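Sequences listed follow chains A and A', in order. A prime marks a further copy of an entry chain. For the first sequence, position 40 matches number 56 in the deposited numbering, and the numbering has no gaps at all. For the second sequence, position 56 matches number 72 in the deposited numbering, and the numbering has no gaps at all. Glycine included, every Cβ here is placed at the ideal spot set by N, Cα and C. The block underneath contains the structure these notes are about, expressed in structure tokens.
Number of protein chains: 2
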Amino acid sequence: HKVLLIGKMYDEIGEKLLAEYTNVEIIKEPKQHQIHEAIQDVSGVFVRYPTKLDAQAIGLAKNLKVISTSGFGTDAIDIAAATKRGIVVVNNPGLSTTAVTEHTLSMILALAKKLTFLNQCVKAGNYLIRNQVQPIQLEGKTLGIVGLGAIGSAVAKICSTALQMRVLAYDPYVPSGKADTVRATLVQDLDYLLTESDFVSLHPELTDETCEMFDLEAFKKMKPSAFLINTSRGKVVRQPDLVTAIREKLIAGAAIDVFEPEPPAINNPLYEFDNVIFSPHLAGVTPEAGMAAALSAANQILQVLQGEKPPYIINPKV
Amino acid sequence: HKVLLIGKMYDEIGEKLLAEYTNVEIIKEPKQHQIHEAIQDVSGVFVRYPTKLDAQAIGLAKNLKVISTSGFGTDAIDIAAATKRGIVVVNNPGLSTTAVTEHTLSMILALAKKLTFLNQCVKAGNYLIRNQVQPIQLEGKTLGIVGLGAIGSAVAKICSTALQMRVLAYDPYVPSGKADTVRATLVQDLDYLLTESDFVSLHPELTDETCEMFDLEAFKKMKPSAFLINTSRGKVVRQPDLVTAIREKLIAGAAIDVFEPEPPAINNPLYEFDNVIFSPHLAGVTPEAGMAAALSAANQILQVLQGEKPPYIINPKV
Ligand SMILES: NC(=O)c1ccc[n+]([C@@H]2O[C@H](COP(=O)([O-])OP(=O)(O)OC[C@H]3O[C@@H](n4cnc5c(N)ncnc54)[C@H](OP(=O)(O)O)[C@@H]3O)[C@@H](O)[C@H]2O)c1
Ligand SMILES: NC(=O)c1ccc[n+]([C@@H]2O[C@H](COP(=O)([O-])OP(=O)(O)OC[C@H]3O[C@@H](n4cnc5c(N)ncnc54)[C@H](OP(=O)(O)O)[C@@H]3O)[C@@H](O)[C@H]2O)c1
Ligand SMILES: NC(=O)c1ccc[n+]([C@@H]2O[C@H](COP(=O)([O-])OP(=O)(O)OC[C@H]3O[C@@H](n4cnc5c(N)ncnc54)[C@H](O)[C@@H]3O)[C@@H](O)[C@H]2O)c1
Ligand SMILES: NC(=O)c1ccc[n+]([C@@H]2O[C@H](COP(=O)([O-])OP(=O)(O)OC[C@H]3O[C@@H](n4cnc5c(N)ncnc54)[C@H](O)[C@@H]3O)[C@@H](O)[C@H]2O)c1
């Protein structure tokens with residue numbers, strides 16, 4: 017059996033696991049022709065997010081039996097083309113809770129302390145900015161969490177207890193006792209969260225219900241002094257609404273790690289604003305998180321080649 | 017009685033407290049001649065850090081009975097000239113523990129997530145940096161704390177419990193039980209802290225013993241992958257040693273909020289490096305912290321004018 021890695025894994029341990037049982041070829045940032053030639057006789061494919069696996073490549077891969085993404089997202093793979101050939105598409109979700117939690121805290125604190133802005137002011141000799149702008153004390157402020165899942169709960173717990181924040185959570189699919197557990201208050205009215213919050217951090221699953229759930233109307237209800245943090249999925253925010261909200265001062269700032277579409281263009285209208293900070297979809301990509309996802313991707317590839325059913329099938333009908 | 021504020025307070029509540037009992041004049045970023053004319057008939061003086069109160073101004077102030085700084089630092093005031101005239105010099109220390117704790121966490125997390133760097137990479141269209149640089153997971157890393165006082169203990173507590181870090185503390189004037197209380201380990205050998213730590217955060221009092229205690233030899237013992245965080249006092253670091261340490265990759269980065277001297281010059285050699293981030297001595301300057309220091313400065317000014325002894329006398333011999 018031969019296996020093709022389109023893009024490197026997040027940690028070489030998954031590659032050595034694969035090399036012990038299959039013939040592996042790795043290609044980095046490939047052109048389409050490289051993909052076409054290397055995929056023809058291969059049994060398994062790994063795809064480093066967010067590069068795309070199209071129907072032409074899938075059709076050219078005569079022996080292909082398993083496709084594994086690098087993380088949770090499967091929007092870059094032509095899943096329909098893979099199910100038509102009966103090819104298993106496999107996921108690697110939920111291995112980066114701690115990484116994203118830490119990343120969310122870093123971005124909440126960064127906005128609160130105005131870190132990126134005050135850094136340039138000092139590097140530009142404007143230390144006298146001490147007399148103009150002031151950092152925000154997180155203690156006693158209200159954090160609003162959209163989505164009280166694995167990451168939302170962990171962020172909720174740290175902010176209420178260690179950082180002494182009041183935390184509200186909006187999540188229609190969770191009991192109020194789950195908020196109590198992490199010292200938060202569940203709220204059924206998103207409006208109450210939006211009007212109450214000094215910081216809003218998005219952690220919901222991307223559904224039809226949450227797609228673009230943060231639009232202009234939401235940004236109007238938010239405090240003008242409040243900040244948005246999005247480490248969930250890019251589609252949760254209606255991007256031009258955020259541009260307008262930032263421009264017209266409907267909110268005070270933003271920190272985002274997830275874009276729509278991905279990769280974002282080099283002329284994205286949000287890059288202009290100084291009160292909007294960015295990270296290139298790395299909240300879940302620490303060495304520890306990458307090692308878990310790499311081992312998970314290798315394992316699910318091997319199990320399919322050995323006929324054992326893997327845990328994270330995206331198209332269980334095949 | 018008349019009172020002069022050289023620089024604004026960190027919150028207008030101390031000024032309204034003063035105006036209720038005295039005739040107040042406020043001057044912002046003044047030239048020396050403004051200070052000389054406004055100080056002659058005044059009974060009390062407030063000095064916004066870090067502007068200087070020199071012996072000429074103190075000699076021109078015939079009715080001056082109390083000088084209060086804005087915060088802990090008194091190095092900008094000619095204390096010797098004030099004691100020669102029997103003038104009380106008063107401090108306002110210890111009112112910003114929570115502010116500095118939060119600020120230290122923001123800077124530890126910022127360095128760990130490479131925040132300022134990854135922000136420019138996205139704003140410059142280099143989202144593909146995902147494949148080059150990776151953030152650091154704080155869980156299980158070793159934090160070394162120099163100075164287990166009010167702020168050091170609070171930082172220690174949050175990092176060991178909420179952030180799941182291993183914390184070592186070096187502090188010759190503290191029992192090992194104090195480290196146990198915040199889930200840290202006291203270490204008597206600074207070398208052990210330096211060689212063990214992935215992040216070193218400075219929180220000691222500035223003494224002869226701690227002055228420039230972080231020099232080149234210390235930076236050599238630190239891990240090349242480790243980061244320095246300094247929110248204590250600028251004199252704790254030998255500044256050109258840090259420039260050398262950063263240049264020659266003895267440490268991996270730095271986040272500093274306190275300079276030597278203050279204010280720092282516009283051509284400070286550290287501004288060049290991208291792995292060194294800055295804030296203009298604002299770790300203790302949140303609205304909540306400023307309001308406490310402002311009320312404390314007003315109160316100590318009024319008590320001296322009313323002959324009641326204030327709590328934070330710097331020259332108790334007068
Ligand atoms: N973590 C972040 O990246 C982050 C988060 C929030 C805010 N910020 C930035 O921080 C700055 C402070 O804004 P704010 O939230 O405190 O509200 P603000 O009312 O805009 O700022 C308060 C004071 O700072 C002045 N100011 C604003 N921008 C300035 C600048 N570039 N240079 C010098 N002075 C400036 C304002 O003067 P004028 O009204 O005359 O301009 C005002 O006197 C803003 O530029 C904002 O974009 C950055
Ligand atoms: N919070 C912060 O501000 C902070 C903290 C730490 C590090 N940093 C910065 O982050 C960058 C990553 O450094 P590292 O700690 O991960 O060790 P590193 O070995 O210098 O970087 C690892 C990979 O990233 C590449 N790299 C370094 N700087 C780059 C740049 N400006 N643009 C594109 N690629 C770059 C390196 O390529 P080459 O070896 O060929 O250059 C190497 O392949 C460094 O520039 C460092 O100064 C920022
Ligand atoms: N930036 C990254 O690298 C990265 C890494 C991993 C995950 N993520 C994303 O972060 C987000 C959170 O991940 P997770 O592990 O906590 O997922 P999770 O499944 O554990 O929790 C998601 C929550 O969303 C809630 N939710 C569903 N509909 C909602 C709605 N209309 N309003 C509010 N909440 C709703 C669900 O009830 C659930 O509690 C996900 O979107 C995931 O794709 C990002
Ligand atoms: N950036 C800011 O805005 C700001 C604000 C307030 C305080 N600070 C500074 O932060 C630092 C910490 O403040 P704090 O309130 O916790 O003071 P603190 O008095 O409560 O604690 C200081 C600690 O330093 C310890 N120490 C003394 N000598 C030492 C040595 N050789 N090695 C290691 N430790 C030693 C003392 O035993 C004490 O525990 C101080 O230097 C203070 O001036 C900065």
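Counting along the chain, A/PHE62 sits inside the beta strand (DSSP E) bounded by residues 60 to 63.
For ligand 4, a non-hydrogen atom lies closer than 7 Å to the CB of A'/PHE88. Here A/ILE124 has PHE215, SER217, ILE245 as same chain residues with Cβ atoms under 7 Å from its own Cβ, once five neighbours each way along the sequence are excluded. The DSSP-derived three-state label of A/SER217 is strand. In the three-state DSSP reduction, A/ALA270 falls in the strand class (E or B). By the Cβ test, the region 144 to 160 of chain A' is not in contact with the region 136 to 144 of chain A, since fewer than three Cβ pairs between them sit closer than 8 Å. Counting along the chain, A/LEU144 sits inside no alpha helix (DSSP H), nor does DSSP assign it H or E at all.
Residue environment: A'/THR223 is assigned as exposed (fewer than 16 neighbouring CB atoms within 10 Å of its CB, all protein chains considered).
For A/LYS236, there is no enclosing beta strand (DSSP E); the enclosing alpha helix (DSSP H) has its first and last residue at 232 to 237.
Secondary structure of A/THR247 (DSSP, three-state): coil. A distance criterion of 7 Å places the beta-carbon of A/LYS130 in contact range of ligand 1, judged by its closest non-hydrogen atom. For the options A'/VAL104, A'/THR197, A'/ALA71, A'/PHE133, the alpha carbon positioned closest to that of A'/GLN316 is the one of A'/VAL104. For A/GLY160, there is no enclosing alpha helix (DSSP H); the residue is part of the beta strand (DSSP E) that begins and ends at 158 to 162. Annotated as proximal: A'/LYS44 and A'/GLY23, with beta-carbon spacing under 8 Å. Non-local beta-carbon contacts of A'/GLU212 in its own chain, meaning distances under 7 Å to residues more than five positions away in sequence, involve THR158, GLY160, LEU184 in chain order.
A'/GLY102 has its alpha-carbon roughly 29 Å from the corresponding atom of A'/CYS227.
Within the same chain, Cβ atoms closer than 8 Å to the Cβ of A'/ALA305 are found at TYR26, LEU111, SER112, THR114, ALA115, the five residues on either side in sequence being excluded. Within chain A, the residues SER122, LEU125, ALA126, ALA128, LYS129, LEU131 have their CB atoms less than 8 Å from the CB of A'/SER122, given in chain order. Contact of A'/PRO109 with chain A is not assigned, every C-beta pair being separated by 8 Å or more.
Against chain A', the beta carbon of A/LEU154 has neighbours under 8 Å at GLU118, listed in chain order.
Annotation: Cβ neighbours of A'/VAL301 in chain A (cutoff 9 Å, chain order): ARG146, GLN150, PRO151.
Within chain A, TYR143, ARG146 have C-beta atoms less than 9 Å from the C-beta of A'/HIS297, given in sequence order.
Remark: the C-beta of A'/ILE93 is outside contact range of ligand 1, defined as less than 7 Å to any heavy atom. Judged by DSSP in its simplified three-state form, A/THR201 adopts strand. Within chain A', not a single residue places a beta-carbon under 7 Å from that of A/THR211; the smallest gap is close to 21 Å. A/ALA54 has its alpha-carbon roughly 14 Å from the corresponding atom of A/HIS17. In the DSSP annotation of this structure, the continuous segment of the beta strand (DSSP E) that includes A/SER84 starts and ends at 82 to 85. For A/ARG263, the three-state secondary structure derived from DSSP is helix. Per DSSP, the continuous alpha helix (DSSP H) segment holding A/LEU210 begins and ends at 206 to 212. Non-local beta-carbon contacts of A'/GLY300 in its own chain, meaning distances under 6 Å to residues more than five positions away in sequence, involve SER112, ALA115, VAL116 in chain order.
Put simply, of A'/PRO66, A'/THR120, A'/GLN48 the residue whose alpha carbon is nearest the alpha carbon of A'/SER248 is A'/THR120. Among the CB atoms of chain A, none fall inside 8 Å of the CB of A'/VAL171.
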